[PDB]
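Below sits a lone chain in structure tokens, taken as the form deposited in one PDB entry.
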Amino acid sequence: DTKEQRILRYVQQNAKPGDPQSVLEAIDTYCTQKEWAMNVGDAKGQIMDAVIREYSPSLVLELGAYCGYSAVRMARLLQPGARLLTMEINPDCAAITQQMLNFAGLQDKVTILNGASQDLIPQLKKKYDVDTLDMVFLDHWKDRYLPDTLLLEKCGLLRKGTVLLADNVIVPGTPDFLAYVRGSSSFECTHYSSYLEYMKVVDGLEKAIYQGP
């Protein structure tokens, strides 16, 4: 029994089926109170929401599904006919994400791709009927942000105005990617400061009074 299955089970037990907001709130409660997990969380999630609403993307690529928290967050804001594709190398995470989307009622909008991003990116156009991407959410292994961005470009998946949105650029950090994009005339960058997810960390003092030998 994994932490990820425990999160899904908590959602099935407590959230309202077909209600994406309820699903996000159930995840946030469980991870705030019971077990830390690497979901983007509601603080950064609000920022994501504002960006998605600004750009109204028709085709979004997510790198890194995990439990589906960000896939639920994004897909609930997509217009009719818009699509999210999400890449997940861990088959256990891919299954959880699909059940989460199902529970939320968002399964029609989202396609899960099982595999490593660097292996899947070159197959997008032919296998998933993609021309260029409107938005890319990066939230997978931090050392893959830069090489995958380069591969996206190589494969002709970026157009003028494609919006890349990257989590964790301060903590744990993505320093090669951040330096690259900030220094490149091919990208115009903006930083949105927020807070790392679920950081009310419990600790305590133990008093132990010696009673004699």
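Only the largest set of C-alpha atoms that superpose within 1.5 Å between the two forms is called the rigid core. One rule holds for the numbers: they count along the sequence shown, beginning at 1.
FYI, the form deposited in another entry isn't displayed, but the following is about it.
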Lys200: Cα shift of 2 Å or greater between the shown form and the other one (core-aligned): yes
Distance trend in the other form - C-alpha atoms of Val201 and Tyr192, change of 3 Å or more: closer
Distance direction in the other form for the C-alpha atoms of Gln33 and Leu205, relative to the displayed form (3 angstroms or more): farther
